[PDB]
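Chemist: First, the structure itself, so that you have it in front of you.
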Amino acid sequence: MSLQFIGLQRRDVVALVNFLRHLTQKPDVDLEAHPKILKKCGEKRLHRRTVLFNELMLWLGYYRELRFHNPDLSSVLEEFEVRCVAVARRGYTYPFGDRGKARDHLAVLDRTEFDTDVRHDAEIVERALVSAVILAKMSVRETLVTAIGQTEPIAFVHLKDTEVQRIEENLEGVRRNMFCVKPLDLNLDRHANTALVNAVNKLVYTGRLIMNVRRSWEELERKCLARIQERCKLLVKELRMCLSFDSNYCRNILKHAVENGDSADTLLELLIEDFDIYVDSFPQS
Amino acid sequence: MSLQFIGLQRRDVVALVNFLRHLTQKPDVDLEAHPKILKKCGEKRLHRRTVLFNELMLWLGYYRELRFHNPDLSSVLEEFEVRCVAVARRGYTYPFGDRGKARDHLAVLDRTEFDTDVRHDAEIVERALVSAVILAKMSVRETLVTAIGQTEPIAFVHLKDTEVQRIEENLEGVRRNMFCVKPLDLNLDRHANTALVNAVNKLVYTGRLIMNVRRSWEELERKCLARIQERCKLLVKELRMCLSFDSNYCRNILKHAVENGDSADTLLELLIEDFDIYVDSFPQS
Amino acid sequence: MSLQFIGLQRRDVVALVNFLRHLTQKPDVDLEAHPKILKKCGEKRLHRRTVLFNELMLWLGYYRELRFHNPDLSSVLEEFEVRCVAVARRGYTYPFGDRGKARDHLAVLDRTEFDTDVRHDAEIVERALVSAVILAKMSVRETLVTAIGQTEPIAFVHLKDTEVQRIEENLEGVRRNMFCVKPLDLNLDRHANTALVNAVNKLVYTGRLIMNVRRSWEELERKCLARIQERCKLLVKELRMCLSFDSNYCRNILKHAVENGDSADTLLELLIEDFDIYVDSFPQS
RNA sequence: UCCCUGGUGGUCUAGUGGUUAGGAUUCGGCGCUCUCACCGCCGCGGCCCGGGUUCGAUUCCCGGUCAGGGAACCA
């Protein structure tokens with residue numbers, strides 16, 4: 001439906017709705033990143049119960065938008081598979097000091113594939129990148145870290161400081177707004193470096209992209225669910241004070257547990273559809 | 001260049017000219033769906049000759065507009081192929097009762113590519129959809145059509161009835177206005193369904209969209225050509241009724257049969273170019 | 001900007017500094033080609049010593065601009081190396097009448113590398129091109145120069161006359177203004193001569209582009225050095241006419257030899273810095 | 001090489017620190033007329049993008065944008 005707020009003026013309702021409609025465009029797509037939108041809720045200007053209801057509705061709409069856009073990186077996954085295979089071939093051609101030890105990493109790179117679950121996908125990419133970078137480091141005769149518990153740093157190899165700085169800025173930017181992805185003019189491939197190194201660096205860039213998108217989204221969803229649950233519990237603590245028909249009705253709506261954004265959809269739709277019945281409880285303005 | 005209408009007042013003429021451009025952005029893009037525009041032609045008010053001439057002009061302009069817009073779906077089938085590869089990617093590791101059947105379907109799914117011909121595109125979509133629905137149904141251990149000559153019906157799996165109604169209505173709207181497609185408010189993803197089931201639902205939706213656009217265009221072109229061909233025969237009889245220079249000239253223009261889209265364009269251009277020479281024939285007001 | 005002119009008006013100094021600022025944008029990047037600037041530098045109207053000093057300043061500025069805007073053919077150099085590797089790849093496979101001769105020339109093609117120095121680049125490209133052209137001549141059974149103290153000329157083999165004309169015009173243009181390198185021409189046909197011949201032809205084009213750029217730049221530098229030396233000598237005579245402290249200071253500044261553009265920058269800074277103490281010797285207005 | 005303007009529905013466009021952003025406008029439907037030209041009727045319908053200023057701004061500052069004006073070699 002359309003979000004229903006208790007005490008907000010039209011000026012604030014339109015702003016809260018415009019922040020949601022345009023959530024993709026804004027950099028730093030995080031509700032907390034914008035304290036002004038939370039201020040539009042009526043905190044310190046409205047009754048506490050109305051403020052809690054407003055924040056619950058806001059977080060529900062925000063979580064709904066988040067799940068709706070929900071970037072599916074089908075083509076990035078396609079590219080990661082290709083680049084993983086390319087790293088494997090360039091490695092198998094290359095001659096190593098200990099072909100056995102490089103064989104473990106070439107095998108880990110061959111057995112890599114995407115599972116049915118997506119979170120597994122983020123973990124898969126990370127574990128593959130570790131081996132790929134280890135291989136590239138061995139190729140240049142650099143000494144990889146062998147301290148136990150200091151597995152490995154995923155990093156580009158034989159790239160000038162400027163390029164690494166630009167690429168890190170790009171990946172951080174994707175971290176802030178996952179929904180919008182920008183192509184890179186700067187090219188990781190360099191004529192000086194070995195072809196194995198160039199393949200490794202391209203695979204590393206794509207894997208960092210996948211990992212950042214997936215992890216950032218999962219964290220946003222976790223935070224949204226936690227905020228929603230806090231708001232539900234506190235609002236119920238408040239509504240339990242008055243035993244009116246409509247107050248009991250609002251609590252009865254809120255009884256549902258809000259885990260599993262499927263529950264979020266059901267809760268939001270139940271809130272909106274029966275709004276006229278329980279709205280008299282909250283004190284407007 | 002502009003269409004020429006014998007009897008009408010400049011007002012109605014401006015109305016028809018506005019209609020032709022508005023066609024691109026309108027629900028129900030079909031001339032016969034709008035009785036008012038056709039009646040505005042001058043039916044039963046003017047002489048039958050003039051009504052026939054005006055209707056022929058309107059149908060020629062309408063066909064010109066449809067053929068000119070004529071949506072191109074190259075992006076959409078390119079997206080369909082990626083949707084297939086994503087379905088396959090989620091399908092591979094899932095444990096199946098008969099890996100032989102699952103692997104055959106995953107292979108049919110991967111090798112899917114679109115031909116340059118459009119009709120081949122419709123057949124491709126149908127085959128890929130049958131294969132993907134079979135894979136998803138097997139994933140959930142539901143029974144399938146074992147009969148000979150029978151094939152599984154294309155349907156969404158593990159979706160609420162209300163969501164199915166919503167998407168059915170949306171695809172109906174796409175059928176009404178093939179040029180403009182409205183993004184659906186709903187998202188096909190569900191937390192209960194696995195990644196494979198969600199991928200299959202999205203693939204089903206995009207394939208349904210493709211075939212709907214294709215069939216709608218086919219029917220529209222068929223009706224346009226039939227209506228034009230009827231108007232020409234009727235008008236030729238009416239003109240044969242009267243022997244004059246302008247009447248004979250218009251009949252001579254109407255001799256060559258328009259059974260094509262280019263034949264219609266030639267007819268429209270020739271019938272416009274000589275409007276002044278033969279106009280006097282048709283009685284006005 | 002830093003350039004100091006004795007007797008010029010504000011507008012003419014602005015014109016000279018603007019001409020140097022916009023140097024690369026103008027076609028025919030050569031001062032001698034642009035007469036209006038050189039005449040405006042000083043003039044017949046101004047005194048001889050003043051004219052000589054003004055020409056010294058203009059030439060020093062022009063040399064500084066040339067040396068700052070020298071070309072950095074990093075990408076073209078990498079491309080030449082890639083095409084050399086390609087010619088070597090297709091040389092070993094091709095069946096030859098006497099493979100020993102081919103193997104000598106292939107060995108020569110295989111060592112080719114670019115040192116840090118830009119001056120070495122033309123010498124490297126020439127050796128590589130001679131070897132490749134001999135290889136292509138052997139492949140097609142052409143007669144190759146065998147005379148004592150004679151070398152094969154670098155030319156395209158089995159190319160159309162029109163394509164040769166187009167490329168020769170492009171290379172003449174590059175000779176005109178080198179800072180602009182736009183090598184966009186790859187018109188070879190696979191059904192044409194053969195893989196070896198085509199690879200050799202592309203290599204020839206890139207080598208010609210590099211050699212032309214380098215030679216044109218070096219010629220400009222040589223002319224600048226000649227002009228600067230002549231200005232210094234004539235001015236030193238004119239100043240030797242008078243034995244003032246100021247004239248002695250101006251002479252002592254002009255002792256520095258302007259070969260080795262580093263010396264040119266030394267002279268430019270020395271003139272600009274201490275202008276106050278010796279400007280009195282120069283008559284102005 | 002310089003500065004100077006502007007973006008407000010479906011074009012065109014007034015406003016112009018808290019306003020449910022308003023105009024003709026087409027559109028659609030009321031067709032009440034030979035056709036509606038009367039629209040006599042509504043209704044849908046819109047904040048250049050992002051950040052930043054206070055209690056709160058499309059409406060103020062800073063960047064980016066796209067369209068423009070006139071200023072640089074030629075001008």
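Scheme for the structure tokens: letters A, B, ... for chains in order shown; per-chain residue numbers from 1; ligand numbers from 1 in order shown.
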Which RMSD value, in Å, describes how well chain C fits onto chain B when all C-alpha atoms are paired in order and fitted by least squares?
Modeler: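 Root-mean-square deviation of the C-alpha atoms: 1.9 Å.
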Chemist: List as a list in words the protein and nucleic acid residues near residue 234 of chain C, meaning an atom at most 12 Å away when only C-alpha atoms (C1' of nucleotides) are counted, but skip any in the same chain fewer than 2 places from it.
Modeler: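 In the requested format, the answer is residues 48, 49, 50, 51, 52, 53, 55, 56, 227, 228, 229, 230, 231, 232, 236, 237, 238, 239, 240, 241, 251 and 254 of chain C.
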Chemist: What is the atom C1' of residue 64 of chain D to atom CA of residue 70 of chain A distance in Å?
Modeler: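 Result for atom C1' of residue 64 of chain D versus atom CA of residue 70 of chain A: 27.0 Å, one decimal.
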Chemist: Using only C-alpha atoms (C1' of nucleotides), I'd like every residue of chain D that has an atom within 10 Å of chain B; please write them out as a list in words.
Modeler: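 Here is what falls inside 10 Å: residues 10, 26, 27, 34, 35, 36 and 37 of chain D.
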Chemist: Report as a ChimeraX atom specification all protein, DNA and RNA residues lying within 12 Å of residue 221 of chain B, evaluated on only C-alpha atoms (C1' of nucleotides), omitting residues in the same chain fewer than 5 positions from it.
Modeler: /B:30-31,59-60,62-68,70,214-216,226-228,259-261,264
Chemist: Limited to N, CA and C atoms, could you put the picked residues into a file as a short mmCIF file (atom, residue, chain, number, x, y, z; two decimals), in the first residue's frame?
Modeler:
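The result, written out as selection_29.cif:
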data_model
loop_
_atom_site.label_atom_id
_atom_site.label_comp_id
_atom_site.auth_asym_id
_atom_site.auth_seq_id
_atom_site.Cartn_x
_atom_site.Cartn_y
_atom_site.Cartn_z
N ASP B 30 -5.07 0.01 -29.41
CA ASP B 30 -5.82 -0.64 -30.47
C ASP B 30 -6.91 0.31 -30.94
N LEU B 31 -6.94 0.60 -32.24
CA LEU B 31 -7.89 1.59 -32.73
C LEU B 31 -9.32 1.17 -32.45
N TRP B 59 -6.72 4.29 -40.98
CA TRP B 59 -6.08 2.98 -40.84
C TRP B 59 -4.67 2.99 -41.41
N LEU B 60 -4.46 3.70 -42.52
CA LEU B 60 -3.11 3.81 -43.06
C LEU B 60 -2.18 4.51 -42.08
N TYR B 62 -2.58 4.73 -38.81
CA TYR B 62 -2.44 3.86 -37.65
C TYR B 62 -1.43 2.75 -37.91
N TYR B 63 -1.52 2.10 -39.06
CA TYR B 63 -0.56 1.07 -39.41
C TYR B 63 0.84 1.65 -39.52
N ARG B 64 0.96 2.83 -40.12
CA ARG B 64 2.26 3.48 -40.18
C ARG B 64 2.84 3.66 -38.79
N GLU B 65 2.01 4.10 -37.84
CA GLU B 65 2.50 4.33 -36.49
C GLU B 65 2.92 3.03 -35.81
N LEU B 66 2.09 1.99 -35.90
CA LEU B 66 2.46 0.72 -35.29
C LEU B 66 3.77 0.21 -35.86
N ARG B 67 3.87 0.14 -37.18
CA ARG B 67 5.08 -0.37 -37.80
C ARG B 67 6.28 0.48 -37.44
N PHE B 68 6.09 1.79 -37.33
CA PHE B 68 7.20 2.67 -36.99
C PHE B 68 7.71 2.41 -35.58
N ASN B 70 6.85 -0.39 -33.12
CA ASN B 70 7.26 -1.78 -33.33
C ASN B 70 8.37 -2.19 -32.38
N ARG B 214 5.25 -10.57 -28.59
CA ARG B 214 5.29 -11.11 -29.95
C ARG B 214 3.89 -11.36 -30.50
N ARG B 215 3.04 -12.05 -29.73
CA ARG B 215 1.70 -12.38 -30.21
C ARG B 215 0.83 -11.14 -30.37
N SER B 216 0.95 -10.18 -29.45
CA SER B 216 0.18 -8.96 -29.58
C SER B 216 0.52 -8.24 -30.87
N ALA B 226 -6.12 -6.37 -42.59
CA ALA B 226 -7.46 -6.77 -42.99
C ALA B 226 -8.39 -5.57 -43.13
N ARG B 227 -8.36 -4.66 -42.15
CA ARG B 227 -9.26 -3.51 -42.20
C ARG B 227 -8.94 -2.63 -43.41
N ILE B 228 -7.65 -2.39 -43.67
CA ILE B 228 -7.29 -1.59 -44.84
C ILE B 228 -7.82 -2.24 -46.11
N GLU B 259 -1.22 -5.61 -50.14
CA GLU B 259 -1.11 -6.77 -49.26
C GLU B 259 0.33 -6.86 -48.76
N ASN B 260 0.67 -5.98 -47.82
CA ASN B 260 2.03 -5.87 -47.30
C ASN B 260 2.11 -4.71 -46.33
N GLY B 261 3.26 -4.45 -45.73
CA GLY B 261 3.44 -3.21 -45.00
C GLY B 261 4.02 -2.12 -45.88
N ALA B 264 1.35 -0.84 -48.16
CA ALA B 264 0.55 0.16 -47.47
C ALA B 264 1.26 1.50 -47.41
#
Chemist: Which polymer residues have any atom within 12 Å of an atom of residue 30 of chain D, counting only C-alpha atoms (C1' of nucleotides), with same-chain residues fewer than 4 positions away left out, as a list in words?
Modeler: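 With the cut-off at 12 Å, the set is residues 39, 40, 41, 42 and 43 of chain D.
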Chemist: Write out, as a PDB file, in the first residue's frame, the residues just selected, with N, CA, C and O atoms (P, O5', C5', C4', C3', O3' and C1' of nucleotides).
Modeler:
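Once everything was written out, this is selection29.pdb:
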ATOM      1  P     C D  39     -14.940  28.314 -23.053  1.00  0.00           P
ATOM      2  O5'   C D  39     -14.064  27.130 -22.439  1.00  0.00           O
ATOM      3  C5'   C D  39     -14.149  25.794 -22.931  1.00  0.00           C
ATOM      4  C4'   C D  39     -15.109  24.989 -22.095  1.00  0.00           C
ATOM      5  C3'   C D  39     -14.732  24.855 -20.617  1.00  0.00           C
ATOM      6  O3'   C D  39     -15.879  25.081 -19.802  1.00  0.00           O
ATOM      7  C1'   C D  39     -15.152  22.720 -21.542  1.00  0.00           C
ATOM      8  P     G D  40     -16.278  26.585 -19.389  1.00  0.00           P
ATOM      9  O5'   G D  40     -17.865  26.616 -19.538  1.00  0.00           O
ATOM     10  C5'   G D  40     -18.677  27.272 -18.575  1.00  0.00           C
ATOM     11  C4'   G D  40     -19.353  26.274 -17.667  1.00  0.00           C
ATOM     12  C3'   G D  40     -18.448  25.188 -17.094  1.00  0.00           C
ATOM     13  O3'   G D  40     -17.761  25.604 -15.923  1.00  0.00           O
ATOM     14  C1'   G D  40     -20.377  24.193 -18.033  1.00  0.00           C
ATOM     15  P     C D  41     -16.385  24.895 -15.482  1.00  0.00           P
ATOM     16  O5'   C D  41     -16.817  23.416 -15.086  1.00  0.00           O
ATOM     17  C5'   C D  41     -17.448  23.153 -13.844  1.00  0.00           C
ATOM     18  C4'   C D  41     -17.649  21.673 -13.635  1.00  0.00           C
ATOM     19  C3'   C D  41     -16.385  20.855 -13.441  1.00  0.00           C
ATOM     20  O3'   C D  41     -15.908  20.903 -12.112  1.00  0.00           O
ATOM     21  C1'   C D  41     -17.787  19.787 -15.012  1.00  0.00           C
ATOM     22  P     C D  42     -14.833  22.010 -11.679  1.00  0.00           P
ATOM     23  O5'   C D  42     -14.090  21.334 -10.450  1.00  0.00           O
ATOM     24  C5'   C D  42     -13.234  20.219 -10.652  1.00  0.00           C
ATOM     25  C4'   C D  42     -13.999  18.953 -10.947  1.00  0.00           C
ATOM     26  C3'   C D  42     -13.220  17.677 -10.659  1.00  0.00           C
ATOM     27  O3'   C D  42     -14.119  16.641 -10.274  1.00  0.00           O
ATOM     28  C1'   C D  42     -13.737  17.754 -12.948  1.00  0.00           C
ATOM     29  P     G D  43     -13.558  15.201  -9.838  1.00  0.00           P
ATOM     30  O5'   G D  43     -12.344  15.520  -8.850  1.00  0.00           O
ATOM     31  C5'   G D  43     -11.023  15.783  -9.327  1.00  0.00           C
ATOM     32  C4'   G D  43     -10.466  14.641 -10.136  1.00  0.00           C
ATOM     33  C3'   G D  43      -9.035  14.251  -9.778  1.00  0.00           C
ATOM     34  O3'   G D  43      -8.863  12.837  -9.876  1.00  0.00           O
ATOM     35  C1'   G D  43      -9.134  14.905 -12.050  1.00  0.00           C
TER      36        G D  43
END
Chemist: Enumerate, in order of chain and increasing residue number, the residues of chain A with an atom no farther than 9 Å from chain B, each with its shortest atom pair and distance in Å to one decimal, counting only C-alpha atoms, as JSON lines.
Modeler:
{"residue": "A:67", "atom": "CA", "partner": "B:187", "partner_atom": "CA", "distance": 8.6}
{"residue": "A:68", "atom": "CA", "partner": "B:187", "partner_atom": "CA", "distance": 6.2}
{"residue": "A:69", "atom": "CA", "partner": "B:187", "partner_atom": "CA", "distance": 8.9}
{"residue": "A:74", "atom": "CA", "partner": "B:86", "partner_atom": "CA", "distance": 6.4}
{"residue": "A:75", "atom": "CA", "partner": "B:82", "partner_atom": "CA", "distance": 7.7}
{"residue": "A:78", "atom": "CA", "partner": "B:85", "partner_atom": "CA", "distance": 8.7}
{"residue": "A:113", "atom": "CA", "partner": "B:93", "partner_atom": "CA", "distance": 9.0}
{"residue": "A:114", "atom": "CA", "partner": "B:89", "partner_atom": "CA", "distance": 7.2}
{"residue": "A:115", "atom": "CA", "partner": "B:93", "partner_atom": "CA", "distance": 6.3}
{"residue": "A:116", "atom": "CA", "partner": "B:90", "partner_atom": "CA", "distance": 4.9}
{"residue": "A:117", "atom": "CA", "partner": "B:195", "partner_atom": "CA", "distance": 6.5}
{"residue": "A:118", "atom": "CA", "partner": "B:195", "partner_atom": "CA", "distance": 7.8}
{"residue": "A:260", "atom": "CA", "partner": "B:191", "partner_atom": "CA", "distance": 7.0}
{"residue": "A:261", "atom": "CA", "partner": "B:191", "partner_atom": "CA", "distance": 7.4}
{"residue": "A:262", "atom": "CA", "partner": "B:191", "partner_atom": "CA", "distance": 6.3}
Chemist: Those residues with N, CA, C and O atoms, as a PDB file, in the first residue's frame please?
Modeler:
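The resulting file, out_39.pdb, is reproduced below:
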ATOM      1  N   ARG A  67      15.117  -4.980   0.080  1.00  0.00           N
ATOM      2  CA  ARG A  67      14.932  -6.310  -0.488  1.00  0.00           C
ATOM      3  C   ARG A  67      14.492  -6.223  -1.937  1.00  0.00           C
ATOM      4  O   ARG A  67      14.895  -7.047  -2.765  1.00  0.00           O
ATOM      5  N   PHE A  68      13.680  -5.221  -2.271  1.00  0.00           N
ATOM      6  CA  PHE A  68      13.194  -5.120  -3.640  1.00  0.00           C
ATOM      7  C   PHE A  68      14.338  -4.950  -4.622  1.00  0.00           C
ATOM      8  O   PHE A  68      14.413  -5.668  -5.622  1.00  0.00           O
ATOM      9  N   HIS A  69      15.239  -4.006  -4.367  1.00  0.00           N
ATOM     10  CA  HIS A  69      16.300  -3.763  -5.339  1.00  0.00           C
ATOM     11  C   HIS A  69      17.305  -4.908  -5.347  1.00  0.00           C
ATOM     12  O   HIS A  69      17.514  -5.555  -6.379  1.00  0.00           O
ATOM     13  N   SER A  74      24.473 -11.525 -11.533  1.00  0.00           N
ATOM     14  CA  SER A  74      24.597 -12.685 -12.402  1.00  0.00           C
ATOM     15  C   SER A  74      25.800 -12.561 -13.325  1.00  0.00           C
ATOM     16  O   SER A  74      26.576 -13.511 -13.482  1.00  0.00           O
ATOM     17  N   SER A  75      25.985 -11.391 -13.931  1.00  0.00           N
ATOM     18  CA  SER A  75      27.086 -11.225 -14.873  1.00  0.00           C
ATOM     19  C   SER A  75      28.431 -11.168 -14.160  1.00  0.00           C
ATOM     20  O   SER A  75      29.444 -11.637 -14.688  1.00  0.00           O
ATOM     21  N   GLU A  78      29.284 -14.663 -13.608  1.00  0.00           N
ATOM     22  CA  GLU A  78      29.742 -15.205 -14.879  1.00  0.00           C
ATOM     23  C   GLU A  78      31.203 -14.864 -15.121  1.00  0.00           C
ATOM     24  O   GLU A  78      32.008 -15.741 -15.449  1.00  0.00           O
ATOM     25  N   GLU A 113      33.351 -23.582  -7.156  1.00  0.00           N
ATOM     26  CA  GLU A 113      32.125 -23.392  -7.915  1.00  0.00           C
ATOM     27  C   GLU A 113      31.040 -22.878  -6.983  1.00  0.00           C
ATOM     28  O   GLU A 113      31.090 -23.087  -5.769  1.00  0.00           O
ATOM     29  N   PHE A 114      30.038 -22.231  -7.572  1.00  0.00           N
ATOM     30  CA  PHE A 114      28.992 -21.576  -6.800  1.00  0.00           C
ATOM     31  C   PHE A 114      27.954 -22.574  -6.315  1.00  0.00           C
ATOM     32  O   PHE A 114      27.476 -23.418  -7.078  1.00  0.00           O
ATOM     33  N   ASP A 115      27.609 -22.469  -5.040  1.00  0.00           N
ATOM     34  CA  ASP A 115      26.629 -23.336  -4.416  1.00  0.00           C
ATOM     35  C   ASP A 115      25.216 -22.821  -4.668  1.00  0.00           C
ATOM     36  O   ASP A 115      25.004 -21.806  -5.334  1.00  0.00           O
ATOM     37  N   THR A 116      24.238 -23.559  -4.141  1.00  0.00           N
ATOM     38  CA  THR A 116      22.844 -23.151  -4.267  1.00  0.00           C
ATOM     39  C   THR A 116      22.556 -21.873  -3.487  1.00  0.00           C
ATOM     40  O   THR A 116      21.744 -21.049  -3.920  1.00  0.00           O
ATOM     41  N   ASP A 117      23.180 -21.707  -2.321  1.00  0.00           N
ATOM     42  CA  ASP A 117      22.983 -20.505  -1.516  1.00  0.00           C
ATOM     43  C   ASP A 117      23.929 -19.384  -1.933  1.00  0.00           C
ATOM     44  O   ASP A 117      25.004 -19.629  -2.485  1.00  0.00           O
ATOM     45  N   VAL A 118      23.509 -18.139  -1.675  1.00  0.00           N
ATOM     46  CA  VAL A 118      24.270 -16.963  -2.109  1.00  0.00           C
ATOM     47  C   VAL A 118      25.368 -16.587  -1.103  1.00  0.00           C
ATOM     48  O   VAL A 118      26.511 -16.272  -1.486  1.00  0.00           O
ATOM     49  N   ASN A 260      12.739 -12.671   9.294  1.00  0.00           N
ATOM     50  CA  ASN A 260      12.390 -13.188   7.969  1.00  0.00           C
ATOM     51  C   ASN A 260      11.512 -12.254   7.132  1.00  0.00           C
ATOM     52  O   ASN A 260      10.288 -12.413   7.073  1.00  0.00           O
ATOM     53  N   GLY A 261      12.144 -11.251   6.516  1.00  0.00           N
ATOM     54  CA  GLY A 261      11.429 -10.202   5.790  1.00  0.00           C
ATOM     55  C   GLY A 261      10.129 -10.615   5.110  1.00  0.00           C
ATOM     56  O   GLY A 261       9.329  -9.759   4.728  1.00  0.00           O
ATOM     57  N   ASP A 262       9.910 -11.915   4.904  1.00  0.00           N
ATOM     58  CA  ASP A 262       8.550 -12.359   4.595  1.00  0.00           C
ATOM     59  C   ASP A 262       7.584 -11.946   5.702  1.00  0.00           C
ATOM     60  O   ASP A 262       6.479 -11.444   5.440  1.00  0.00           O
TER      61      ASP A 262
END
Chemist: Set the distance at 12 Å and use only C-alpha atoms (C1' of nucleotides): which residues neighbour residue 73 of chain D once local chain neighbours fewer than 4 positions away are removed? I'd like the list as JSON, numbers by chain.
Modeler: {"C": [14, 15, 16, 17, 18, 19, 20, 21, 22, 23, 24, 25, 26, 27, 34, 36, 37], "D": [1]}
Chemist: Could you jot down the atom CA of residue 137 of chain B to atom CA of residue 157 of chain B separation for me, Å, one decimal place?
Modeler: 7.7 Å
Chemist: Could you pull out all residues of segment 152-219 of chain A with a DSSP call of helix (DSSP H, G or I) and give them as a ChimeraX atom specification?
Modeler: /A:161-176,195-219
Chemist: Env of segment 268-279 of chain B: 9 Å cut, atoms = only C-alpha atoms (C1' of nucleotides), seq-sep filter 2 positions within chain, self excluded. Answer as number ranges by chain.
Modeler: B: 1-4, 6, 57, 60-61, 64, 245-250, 253-254, 263-266, 281-283
Chemist: Can you spit out the residues from that selection as a JSON list (two decimals), in the first residue's frame, using C-alpha atoms?
Modeler:
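Saved as again_12.json:
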[["chain", "number", "residue", "atom", "x", "y", "z"],
["B", 1, "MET", "CA", 3.04, 14.42, -45.35],
["B", 2, "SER", "CA", 0.18, 15.02, -42.93],
["B", 3, "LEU", "CA", -2.88, 12.82, -43.26],
["B", 4, "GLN", "CA", -5.69, 14.42, -45.25],
["B", 6, "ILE", "CA", -12.12, 15.32, -46.46],
["B", 57, "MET", "CA", -6.70, 7.37, -44.16],
["B", 60, "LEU", "CA", -3.11, 3.81, -43.06],
["B", 61, "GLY", "CA", -1.81, 6.30, -40.50],
["B", 64, "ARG", "CA", 2.26, 3.48, -40.18],
["B", 245, "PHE", "CA", -12.08, 12.72, -63.78],
["B", 246, "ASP", "CA", -11.39, 12.92, -60.04],
["B", 247, "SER", "CA", -13.40, 9.76, -59.32],
["B", 248, "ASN", "CA", -11.60, 7.85, -62.07],
["B", 249, "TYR", "CA", -8.25, 9.16, -60.86],
["B", 250, "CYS", "CA", -8.89, 7.97, -57.31],
["B", 253, "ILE", "CA", -4.87, 5.09, -57.56],
["B", 254, "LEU", "CA", -6.76, 2.36, -55.69],
["B", 263, "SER", "CA", 2.55, -1.74, -50.07],
["B", 264, "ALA", "CA", 0.55, 0.16, -47.47],
["B", 265, "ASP", "CA", 3.29, 2.77, -47.15],
["B", 266, "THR", "CA", 3.39, 3.23, -50.92],
["B", 281, "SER", "CA", -15.09, 14.10, -56.03],
["B", 282, "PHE", "CA", -16.00, 13.32, -52.43],
["B", 283, "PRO", "CA", -18.87, 15.52, -51.20]]
Chemist: Which polymer residues have any atom within 9 Å of an atom of segment 203-210 of chain C, counting only C-alpha atoms (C1' of nucleotides), with same-chain residues fewer than 3 positions away left out, as number ranges by chain?
Modeler: C: 73, 76-77, 79-80, 83-84, 87, 121-122, 125-126, 128-129, 132-133, 154-156, 167, 171, 174-175, 181, 183, 198-200, 213-215
Chemist: Store the residues picked out above, limited to C-alpha atoms, as a PDB file, in the first residue's frame.
Modeler:
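The result, stored in again.pdb:
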ATOM      1  CA  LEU C  73      55.016   6.633 -26.830  1.00  0.00           C
ATOM      2  CA  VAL C  76      52.828   2.601 -29.084  1.00  0.00           C
ATOM      3  CA  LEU C  77      56.053   1.021 -27.833  1.00  0.00           C
ATOM      4  CA  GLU C  79      52.151  -2.324 -29.308  1.00  0.00           C
ATOM      5  CA  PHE C  80      55.343  -2.543 -31.361  1.00  0.00           C
ATOM      6  CA  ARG C  83      53.426  -7.076 -33.027  1.00  0.00           C
ATOM      7  CA  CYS C  84      57.078  -8.149 -32.990  1.00  0.00           C
ATOM      8  CA  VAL C  87      55.621 -11.814 -36.343  1.00  0.00           C
ATOM      9  CA  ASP C 121      63.941   3.674 -30.132  1.00  0.00           C
ATOM     10  CA  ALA C 122      64.468   4.501 -33.809  1.00  0.00           C
ATOM     11  CA  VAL C 125      62.648  -0.228 -34.648  1.00  0.00           C
ATOM     12  CA  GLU C 126      64.807  -0.122 -37.767  1.00  0.00           C
ATOM     13  CA  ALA C 128      63.318  -5.121 -36.213  1.00  0.00           C
ATOM     14  CA  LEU C 129      61.676  -3.808 -39.383  1.00  0.00           C
ATOM     15  CA  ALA C 132      60.659  -8.651 -40.588  1.00  0.00           C
ATOM     16  CA  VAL C 133      60.578  -7.243 -44.126  1.00  0.00           C
ATOM     17  CA  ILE C 154      61.633  -1.034 -45.434  1.00  0.00           C
ATOM     18  CA  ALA C 155      58.444  -1.326 -47.473  1.00  0.00           C
ATOM     19  CA  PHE C 156      55.036  -2.937 -47.320  1.00  0.00           C
ATOM     20  CA  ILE C 167      48.898   5.470 -44.716  1.00  0.00           C
ATOM     21  CA  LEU C 171      52.538   9.485 -41.789  1.00  0.00           C
ATOM     22  CA  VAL C 174      52.382  12.867 -38.174  1.00  0.00           C
ATOM     23  CA  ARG C 175      55.556  14.423 -39.564  1.00  0.00           C
ATOM     24  CA  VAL C 181      49.466  10.358 -32.521  1.00  0.00           C
ATOM     25  CA  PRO C 183      47.078   5.414 -35.583  1.00  0.00           C
ATOM     26  CA  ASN C 198      49.701  -9.194 -42.617  1.00  0.00           C
ATOM     27  CA  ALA C 199      51.558  -9.358 -39.312  1.00  0.00           C
ATOM     28  CA  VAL C 200      54.657  -7.926 -40.986  1.00  0.00           C
ATOM     29  CA  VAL C 213      57.702  10.835 -34.591  1.00  0.00           C
ATOM     30  CA  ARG C 214      61.219  10.491 -33.214  1.00  0.00           C
ATOM     31  CA  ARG C 215      62.962  11.955 -36.265  1.00  0.00           C
TER      32      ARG C 215
END
